[PDB]
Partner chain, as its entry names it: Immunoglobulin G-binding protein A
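Encoded as structure tokens, the following chain is the form solved without its partner chain, with no partner shown.
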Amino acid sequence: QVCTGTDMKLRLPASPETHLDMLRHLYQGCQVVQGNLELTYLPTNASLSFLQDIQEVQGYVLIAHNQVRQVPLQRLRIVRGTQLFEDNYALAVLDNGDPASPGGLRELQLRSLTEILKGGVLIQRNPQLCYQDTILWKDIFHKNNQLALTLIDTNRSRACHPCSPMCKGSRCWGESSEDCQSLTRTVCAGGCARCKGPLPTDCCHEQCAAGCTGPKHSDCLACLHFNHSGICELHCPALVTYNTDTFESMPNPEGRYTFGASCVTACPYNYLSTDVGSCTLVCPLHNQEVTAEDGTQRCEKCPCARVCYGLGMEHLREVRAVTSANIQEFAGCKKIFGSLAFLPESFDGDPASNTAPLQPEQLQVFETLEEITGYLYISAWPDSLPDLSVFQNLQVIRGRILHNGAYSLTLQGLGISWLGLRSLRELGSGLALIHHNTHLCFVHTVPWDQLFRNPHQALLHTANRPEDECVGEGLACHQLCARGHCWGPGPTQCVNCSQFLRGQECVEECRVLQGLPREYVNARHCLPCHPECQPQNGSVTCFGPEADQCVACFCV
């Protein structure tokens, strides 16, 4: 029911062939959009029925550069505007029109939208759009909306059918009788912020937003602040109460975490639980992340040890790419708080800022890297390097920050022939996008479903090297890779070994009983012997690597 929005603004989707698939995966079944609902560059034939359940948007709504004529958001009741398009608009409808029937948005059909808490409305250059000038927009803006500057272009290249004759006051989102605008603010008695009618009895509880079906904080169409199990309330119950004599902290059995506009018993997967009682993706200031025995992580206020920040964090907040100017900042980092993006400028250099091209050998700085809390984005890569094995120790990309707000892993326009991300076992959130890598095989040998953690995730892929061109050249998983899962060719690229590991190579059998030198197995790895251990012709030989655990000769 709760999903994450995007953060792409007007930027062009790199893969139009899969852009719509991404939106479907994000929003199918979703009712509450945490973040921004951005619907852009959609073609005339785009089926958008997967948006039909969206009821709340926490950030802004952007509908831009589409040729599709209808965007079905008829259940959207409230846009909270906690983020704003251009920092000013909760609703932006731009350039939806074409460069028999012409494309271009024809109606908004926001027939349930009765609440814009913060932000104005921007509607520009939509040549087929009607009814933006038959809506009393001031009714939708919340009583206390402090930023509602609004600019609505009403040039159109077609006649508009009048509102249905059943619409009171000639206000409607479209031509049908179901598109009449219901007023919930300007018709209220006693200046109450929202009502369901003209009398004082119709005033909503002040913790409601958007409207009501009755007088109580359980009759709201939306909560102004927090939904506490069907009750709209100003704040969630604290996780701690204080003993009334000592004021020592006591666990509160009714305590809840804040998550968007709701009170939850536990933070959802990939979110951090704070001591403040909030679910967050980025820890607040002066804090440190701690992993519990579950794998669940808590944020904790803090002599706080030094940390490796990636792009989008601290001094790298504005930095576009990993370059030769900042590459050394990641030396020895097991965990990068933030993201990594490799762009053409990373490896071309930039003479304007006198930034030298990033050399391939410098990418070895990531060999220690196990975890990226943000995303990994690679749109250029050294042609000499056949894979991404500089990240071969990377175990998880959390995706707490997502490229364009959607993608935790992006690989595009590269010359690599395989992935080589042989430790990658989790994409905590976001989609993977792998396209237009002309030489890249070993994409469908990866069990992507094992890496994902929620059903809104998927691999989107196109214009890589065709599966049959890879098969006809003999580029398949090694025989020792369990279930034909691998990240590249040979026995060092298996997801899971069929037998044993001697270091990085999957082998059929350790030299426990035969072969020289002898080895002992430990967690299905072939670790050797102390050389002064005489090889037993019959049985085992070593139980450890030192001369202590040694049979035939400190066995010196």
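Numbering follows the first chain given and starts at 1. If you superpose the two forms and keep the largest set of C-alpha atoms that fall within 1.5 Å, you have the rigid core.
The following text describes the form solved in complex with its partner chain, which does not appear among the structures shown.
- Just one listed stretch, out of 424 to 432, 327 to 335, 389 to 397, 450 to 458, contacts its partner chain in the bound PDB entry at the 4.5 Å heavy atom level, and that stretch is 389 to 397.
- Contact with its partner chain in the bound PDB entry, judged by any heavy atom within 4.5 Å, is made by just one of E371, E289, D350, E367: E367.
- At least one heavy atom of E473 is located within 4.5 Å of its partner chain in the bound PDB entry.
- The closest heavy atom approach of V264 to its partner chain in the bound PDB entry falls outside 4.5 Å.
- Although the partner is absent here, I416 lies within 4.5 Å of its partner chain in the bound PDB entry, judged by heavy atoms.
- When its partner chain is considered in the bound PDB entry, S47 lies well away from it, no heavy atom lying within 4.5 Å.
- Annotation for 330 to 358: no interface residues with its partner chain in the bound PDB entry [heavy atom within 4.5 Å].
- Relative to the superposed rigid core, the position of the CA of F247 differs between the shown form and the other one by 2 Å or more.
- The rigid-core alignment places the CA of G29 less than 2 Å apart between the shown form and the other one.
- Relative to the superposed core, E17 shifts its CA atom by less than 2 Å between the shown form and the other one.
- Whereas the shown form places them at one spacing, the Cα atoms of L147 and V187 lie at least 3 Å closer in the bound PDB entry.
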